[PDB]
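**Q** Experimental structure below, sequence on top.
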Amino acid sequence: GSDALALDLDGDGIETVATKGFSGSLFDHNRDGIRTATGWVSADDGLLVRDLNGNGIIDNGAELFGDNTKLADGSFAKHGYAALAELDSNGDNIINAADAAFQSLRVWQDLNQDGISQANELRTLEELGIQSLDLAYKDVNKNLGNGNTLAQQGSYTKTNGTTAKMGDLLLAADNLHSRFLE
Ligand SMILES: [Ca+2]
Ligand SMILES: [Ca+2]
Ligand SMILES: [Ca+2]
Ligand SMILES: [Ca+2]
Ligand SMILES: [Ca+2]
């Protein structure tokens, strides 16, 4: 679908726009591809991702964090942020540099908004200067404009000692195309 998890990377809130990058050709009810976006995360911010095949290649709808990812028994999550709680190794309730999954997590920033993730568009948490993520959030259910939404918001720490927002989003999309494709 179009449900997502994102980080505020430059420290002024998670922000979204209408799509214009790839939108000069739109997918249709028989042409296979990715579900047609009308809005997306603006390039100062990034999506939280993981290759579930461990080679650092994002291609499937579970590889985005969001309500279409699964928990450690194979169940879908009720809220995509809570799927991060399976990844804490020691039970301190932070995702930090001592957890194995900290190296497996990545962040995606797409400048062309084509819905495919390519290798230059990805960041590891250490290359992104992240030190920890909090497994704690509040429900905010806030509009972001252009049909986009922020459901829930938590927090993260940078290696430079700055702290910033992270959260669960709904991104704007074509409703019929989002039923022809997942
Ligand atoms: Ca921002
Ligand atoms: Ca994959
Ligand atoms: Ca959600
Ligand atoms: Ca931990
Ligand atoms: Ca791309």
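**A** That came through, no problem. Residues are numbered from 1 along each chain as shown. Ligands and ions are numbered 1, 2, ... in the order given.

**Q** For stretch 126-145, give me every contacting residue.
**A** 9, 14-16, 81, 84-85, 88, 93-97, 103, 107, 149-160, 166-169 (Cβ atoms under 8 Å, 6 or more residues apart in numbering). In this view, the C-beta of every residue, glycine as well, is placed from N, C-alpha and C.

**Q** try 7 Å
**A** 16, 81, 84-85, 88, 93-97, 107, 149-160, 166 (Cβ atoms under 7 Å, 6 or more residues apart in numbering).

**Q** And the longest strand belonging to the chain, how far out from the chain middle?
**A** When the chain is parsed with DSSP state E, its longest strand is strand 130-145. Chain-centre distance of strand 130-145: 11 Å, with Cα atoms, centre = their mean, to the nearest Å.

**Q** Among the contacts of stretch 126-145, the buried ones, what's the ChimeraX command?
**A** Buried subset of those, written as a ChimeraX selection, criterion 16 or more other Cβ atoms under 10 Å:
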select :16,81,84,88,94,95,96,107,149,150,151,152,153,154,155,156,157,166
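
**Q** can you pull out the strands in the chain?
**A** Along the chain, counting by DSSP E, strands occupy 3-7, 16-18, 39-41, 46-49, 94-96, 106-108, 122-124, 130-145, 148-158, 163-170.
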